[PDB]
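**Student:** sequence, then structure. It's an experimental one.
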Amino acid sequence: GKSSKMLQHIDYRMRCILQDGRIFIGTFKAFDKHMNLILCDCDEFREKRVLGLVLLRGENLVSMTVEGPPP
Amino acid sequence: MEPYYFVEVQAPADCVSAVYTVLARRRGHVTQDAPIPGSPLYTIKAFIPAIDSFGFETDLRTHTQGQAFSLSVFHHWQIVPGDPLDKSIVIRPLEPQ
Amino acid sequence: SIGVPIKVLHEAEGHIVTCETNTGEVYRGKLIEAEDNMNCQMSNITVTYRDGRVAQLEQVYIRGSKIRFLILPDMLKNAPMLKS
Amino acid sequence: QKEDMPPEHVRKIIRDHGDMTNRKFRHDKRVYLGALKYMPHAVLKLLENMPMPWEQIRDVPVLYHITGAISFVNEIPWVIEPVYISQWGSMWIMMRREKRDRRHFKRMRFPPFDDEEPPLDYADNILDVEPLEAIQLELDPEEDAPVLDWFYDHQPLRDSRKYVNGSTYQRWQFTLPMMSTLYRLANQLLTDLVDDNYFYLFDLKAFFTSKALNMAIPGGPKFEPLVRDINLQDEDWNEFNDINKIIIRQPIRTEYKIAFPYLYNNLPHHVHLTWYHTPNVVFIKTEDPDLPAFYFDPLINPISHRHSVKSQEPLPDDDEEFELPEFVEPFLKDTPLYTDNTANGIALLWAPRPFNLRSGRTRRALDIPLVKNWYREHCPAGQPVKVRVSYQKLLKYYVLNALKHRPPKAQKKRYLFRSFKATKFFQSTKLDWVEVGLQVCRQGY
Amino acid sequence: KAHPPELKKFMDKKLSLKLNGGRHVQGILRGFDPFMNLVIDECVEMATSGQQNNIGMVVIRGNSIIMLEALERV
Amino acid sequence: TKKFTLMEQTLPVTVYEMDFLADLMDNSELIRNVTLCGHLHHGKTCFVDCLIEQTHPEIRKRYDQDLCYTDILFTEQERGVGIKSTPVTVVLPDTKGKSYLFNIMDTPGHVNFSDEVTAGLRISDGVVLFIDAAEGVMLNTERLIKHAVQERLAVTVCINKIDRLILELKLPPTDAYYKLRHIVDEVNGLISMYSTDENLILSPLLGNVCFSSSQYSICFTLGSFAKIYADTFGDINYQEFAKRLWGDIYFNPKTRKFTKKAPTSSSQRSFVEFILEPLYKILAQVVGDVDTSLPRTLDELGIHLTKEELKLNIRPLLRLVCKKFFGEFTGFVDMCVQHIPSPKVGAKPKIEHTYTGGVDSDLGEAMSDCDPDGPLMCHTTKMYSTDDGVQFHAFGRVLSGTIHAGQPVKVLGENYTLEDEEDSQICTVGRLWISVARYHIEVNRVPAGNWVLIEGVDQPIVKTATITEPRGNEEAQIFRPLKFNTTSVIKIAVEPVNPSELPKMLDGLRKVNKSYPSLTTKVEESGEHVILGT
RNA sequence: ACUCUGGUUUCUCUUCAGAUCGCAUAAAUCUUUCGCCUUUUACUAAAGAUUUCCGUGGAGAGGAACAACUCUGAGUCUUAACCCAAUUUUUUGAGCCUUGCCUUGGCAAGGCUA
RNA sequence: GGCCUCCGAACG
């Protein structure tokens, strides 16, 4: 009804959990019906590597939680 | 040798005849005249001497009462009516020849 | 009719990008074409397998459903798609 | 809030006891010295009250001094629209029809003074009966009927949907038929064609260029030597610049040097000029109200194709299978040819500034409801000598006011004329040009 | 929508087709559908041991294709 | 004070980042440039006013005055053209969804001014033509078509004032499609009638022409009409739609059955019905049908406006309606990138026909310069006056290298050659300037493949002079100048009235000649200074 | 498809308008040039800077008149006939074994499946 | 091929 559930979490730092166990954290600027994630200055946890802008497909995503306030 | 300025003109039939009278006053020997379609707009390109082409657009738009929009450019060259160095050529400074 | 991340994927055509399929192969190179289903046609690819070996491949085209995610250059983060 | 007093009480009582003097106005003496002491009240009031020949009506509210000294009439010009300009110009067309008729003209003139003894109180009879004169425009083919109801009014639209909806004047609004009949009755009067280059190379920037270069035109205004004093030259400079033996083709056309500041190098200081040509467009003229929407101008297409070339992919399978008309292929169902005066509105697409403005805002009917100047610009030879030089004089005044421009600096405040009613000064009321004008005449005597 | 993927640049080109589960085939592309089913001419299956066998013209389902690769310049 | 015109000191634009757009134009190959002229005074600037109007948030309302920026050339541009052509650049999105960097330079219509417009056109690798639907092709379109054909530059046919010419003349759809088809037949007839290959293929289905109207500022094309109509309904048809959009076909009752031949009673042509029918009716929905049909047509088209906005006036509601319907730019960028070649693909023949020495170390130095970086070789365009008349900025093409602020460069002259260069001298670049609409962006270092303006080179820069690295890079520096395709005719000898004004006339003649390279200032043997122009 | 939000004309006061022209815009003063002139007011016609009239525009505040007319941005804005999913999510296939690391728990890797 | 400054009232 309100649909703001995903609209509330825009710009926030989000900790993502994938189907294989990977962890993505980046500034969340956009979404869609297909659960396409837009993560700015994203990082990958398993070991940490520098990713940057990353577009994640919604098929491999499981859950998400708020990491913190926008930078 | 001097170039021959050609001027395409847009105007109705009356202003086209008046443009031909202006070119006749300037002794210009034109290019071609056609009833330009898409709208009854007469377009006439003109072959003219570059020496007599001065003030052709001003007097053209003036004699047309705010009509006959034309544009000129250098085209080819003119071989002149005769050869220079004539002893009888000098007549009067103000009188044209 | 087209999602915002998909429109960003269209905007990123012509830049060096990194792609990893569902099987783990890393593909990095210029993105020639991108569709609405995230089909990616790329050129001058340096492959990174799961064992660490590398190679060079001229032309590749990937199914949209088999892509785990994509990596795009940072030049697209400023705009037009920034909205509050 | 200021309320309108009874007109006969303040008017008749004041003006009745005001001119008697004796011991009744003895205290009112100085008040009358203030009345006569203020010139602009009667001048701006009388000049501000103009019922005009285009209609027949009375005047507006005015403030009459509580001491009976004098009054003042504040009325905004409240110019309505080009339909109103077509009401005045329509009175000029009907006035021309009456000019062609009436083989025996009238007298008029007759300033009914005969020395002076018309201290006329007959304004009471002017309230008794009415002339019901002027007007006399019945012309309309079931079209201008709304403008006919708006033909004679002090406030053309009292309250409506499209209207000013103010007390006197406000942002104007109208419909399509108001523009139709506006261009009809306005077309009956003097009307201007498309501008193009016909309106240029004559006045405005052209006149300022002629006044800048200080050179005559094929008729027109004249200004002055401007910066040039008398003569400045030199024997060596003239021999270097000019030549005793040079090229001679045309006798130095002034129109060629006018539009070309590089052709005339004498005194190129403070000159606004060089407007190059025009758009050179074509506006299709109107015709009888018949069909089709295309006037069928001369075209003669070059034999259509005539074995020139064609498009690609002429495959019927990909053609019939290339589209799925699940919806309507055209935009919407209509007849965009003759529908709703599409020819009259199409001709209204190109319209003069008053007509093309559609819904207006405000204008001064006491200042510039006159298009005759532009109509007189660049007049043909159909007028005599004195009329031609007179037209050059009108263009000289218009060129003077045009070249004068304006320093639109700041001002102090407005309404000060009406702001004098804050304390006890005067009291307004609805009055007529004969009653208020006659009261101003008694204030003059 | 229903936009078919554009292989028109890969038409009649020798392809290297990577399949899931360590399967690899190569051949020439004779056409495609909106479902990414491929008609592959002279398809040769790449065995995990390195041996090659020619299975002929075959249809390959778009579901099982991780990536399609061209061995020529298009 | 009272400087002539202000080309700088303006705010930014909307949805435009200097980082993303600047590094995107200086990084990827999606950036391009062109110049649209066609017919003289055919409303060329109006197109830049439409694109810049859709780019920057603050745009001049067409009802008040022209949409172009105020105080530009004053009466020079107010009277017509004036500016011998000025460069501009903006980031325009495309109908495909991907944006692009397009540098468009308007061109004047005057003869000599068109020659200078060609001299400036020698920089960009492509050109578009502005052809009014009323007058068709003018003399500037024929001369510009001959000069563009001799320059081997891709041209894009662009129709202007289509709805203005068809609306003012009340042209029927048959005479509109036949008349426009005759104009395209003359464009393709002159293009194929010029020389070399016929591969230009000027045609509406090929995307070479874009139908636009400057009155309502409506820019459309084949892919734009197919994208709008498909976007409304039947979005599955895009390529097969625009291909079958016009052609010669009729719409047959079978749902879609397109008849290639025969009348089939449907219509004279498919473009008239399916194209001109929603077009002319949209223009017919105004005027007489404006107030009447506003709810019906506006509700059917989905457009809406405020009570005061819809009641404004005829023309403002027409330009606003076209902005609410066709206002989105599609065929300009979509038909642009599809026409205009890439930087390298269009650069290799351009560098082959531009620089003198080709092949190795020269064209190869330019070939390697294209995509990644150049070895600091700057082949300019021209030089224009700055905001102050004291100095003049150099607005030019950069062939190679990343220009750095204060970095020296070896600039040769005209008569100077790669073997022996007498006019070659090092110079420092004060600041980089990119011309966007009414403003400019100053940058310290601009990579290769972009035409930008710089400062610090004034006296050594004369007409068209290419700059090279101070390291002494060999192999054909100082690229060849552009040909004006005209002959000097008018000779005006100007002499100072006062004898002490000789240095002011000489320096003013040098700076004036550098400001207008088309004119030729030559000192006569008698001592007088004579000028030559077309 | 529910609820909170809740409007138009006119009259005054206080600010801003060296403005894209406050569309067809008047008059005065002074420094001079000039016109005719027997001194002055008036006055012939050009420049410049100093201004007033008729106006006019923007913002805020205070009033009455049908105001109870309607707009408004949002707020979780709870619905059944019929045929359908082989590239994005409700008709869609995962697990086991072994080795190494970790205090174990657990993690990484390879293999096995049918 | 055209251009047409003119324009009076008191006092003294």
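**Tutor:** All right, it came through fine. Numbers count the residues shown, from 1 in each chain, chains lettered A, B, ... in the order given.

**Student:** any idea how far the spatially most central residue of chain D is from chain F?
**Tutor:** By C-alpha atoms, centre = their mean, chain D has its centre lying nearest to residue D:369, at 2.7 Å. From residue D:369 across to chain F, the span is 21 Å (C-beta to the nearest C-beta, to the nearest Å). Placement of C-beta: from N, CA and C, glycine included.

**Student:** ok, that residue to residue D:188 distance?
**Tutor:** 16 Å (C-beta to C-beta, to the nearest Å).

**Student:** likewise for residue F:90?
**Tutor:** 50 Å.

**Student:** and the two? Which one has more around it.
**Tutor:** Neighbour tally, residue F:90 and residue D:188, criterion other C-beta atoms under 10 Å in any protein chain shown: the higher count belongs to residue F:90, 20 against 16.

**Student:** any idea what the more buried one is bridged to?
**Tutor:** residue F:102 (DSSP bridges).

**Student:** cool, residue F:378 as well?
**Tutor:** residue F:467.

**Student:** show me the contacts for it.
**Tutor:** The contact partners of residue F:378, by C-beta atoms under 8 Å, 6 or more residues apart in numbering or on different chains, come to F:396, F:397, F:398, F:399, F:400, F:401, F:403, F:409, F:466, F:467, F:468.

**Student:** just confirm the fifth one contacts residue F:377, I think it does.
**Tutor:** Yes. When contacts are counted by C-beta atoms under 8 Å, residue F:400 is listed as touching residue F:377 (3.8 Å).

**Student:** identify the contacts common to those two.
**Tutor:** F:365, F:366, F:369.

**Student:** so who does the residue of the stretch 1-150 of chain F found nearest chain A touch?
**Tutor:** Ranking the residues of the stretch 1-150 of chain F by distance to chain A (C-beta to the nearest C-beta) places residue F:20 first, at 11.8 Å. Taking C-beta under 8 Å, 6+ apart as the criterion, residue F:20 is in contact with C:75, C:76, C:77, C:78, C:79.

**Student:** was I right to think the third one contacts residue A:40?
**Tutor:** Yes. Counting by C-beta under 8 Å, residue C:77 touches residue A:40, with 5.1 Å between them.

**Student:** tell me which stretches of chain E form strands.
**Tutor:** E:14-19, E:23-32, E:38-46, E:52-60, E:65-70 (DSSP state E).

**Student:** separation between the residue of the stretch 1-150 of chain F closest to chain A and RNA strand G?
**Tutor:** 23 Å (C-beta to the nearest atom of the strand, to the nearest Å).

**Student:** what do you get for residue D:211?
**Tutor:** 8 Å.

**Student:** pick out the residue in chain E sitting closest to RNA strand G.
**Tutor:** residue E:35 (3.8 Å; C-beta to the nearest atom of the strand).

**Student:** what's the neighbour count on that residue?
**Tutor:** Residues contacting residue E:35 under the criterion other C-beta under 10 Å number 11.

**Student:** let me see the contact set for it.
**Tutor:** Contacts of residue E:35 (C-beta under 8 Å, 6+ apart): E:61, E:62.

**Student:** now do the shared contacts for residue C:77 and residue A:40.
**Tutor:** By C-beta under 8 Å, 6+ apart, the residues touching both residue C:77 and residue A:40 are A:29, A:53.

**Student:** look up the residues forming beta bridges with the residue nearest to the spatial centre of chain E.
**Tutor:** Centroid-nearest residue in chain E: residue E:17, 4.3 Å away (criterion: C-alpha atoms, centre = their mean). Counting by DSSP bridges, residue E:17 is bridged to residue E:25, residue E:68.

**Student:** now do residue F:392
**Tutor:** residue F:385.

**Student:** now do residue F:131
**Tutor:** residue F:159.

**Student:** tell me how many other residues surround it.
**Tutor:** If we define neighbours as other C-beta under 10 Å, then residue F:131 has 28 of them.

**Student:** in contact with the nearest residue to residue C:11 once chain neighbours are set aside, which residues?
**Tutor:** Leaving aside its sequence neighbours, residue C:11 sits nearest to residue F:98 (C-beta to C-beta, 6 or more residues apart in numbering or on different chains; 5.2 Å). Going by C-beta under 8 Å, 6+ apart, residue F:98 touches C:10, C:11, C:12, C:13, C:14, F:30.

**Student:** show me where chain C has helices.
**Tutor:** C:4-11 (DSSP state H).

**Student:** before we move on, what about chain B?
**Tutor:** B:13-25, B:56-63.

**Student:** check which helices and strands the longest one sits against.
**Tutor:** Put plainly, it is helix B:13-25. Judged by 3 or more C-beta pairs under 8 Å, 6 or more residues apart in numbering or on different chains; DSSP states H and E, the packing partners of helix B:13-25 are strand B:2-11, strand B:32-36, strand B:41-45, helix B:56-63.

**Student:** would you list these in CSV and tack on mean neighbour count and distance to chain E?
**Tutor:** Putting the helices and strands packed on helix B:13-25 into CSV (neighbours: other C-beta atoms under 10 Å in any protein chain shown; distance: least, C-beta to the nearest C-beta, whole Å) gives the following:
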stretch, mean neighbour count, distance to chain E
strand B:2-11, 22, 46
strand B:32-36, 14, 45
strand B:41-45, 21, 46
helix B:56-63, 21, 54
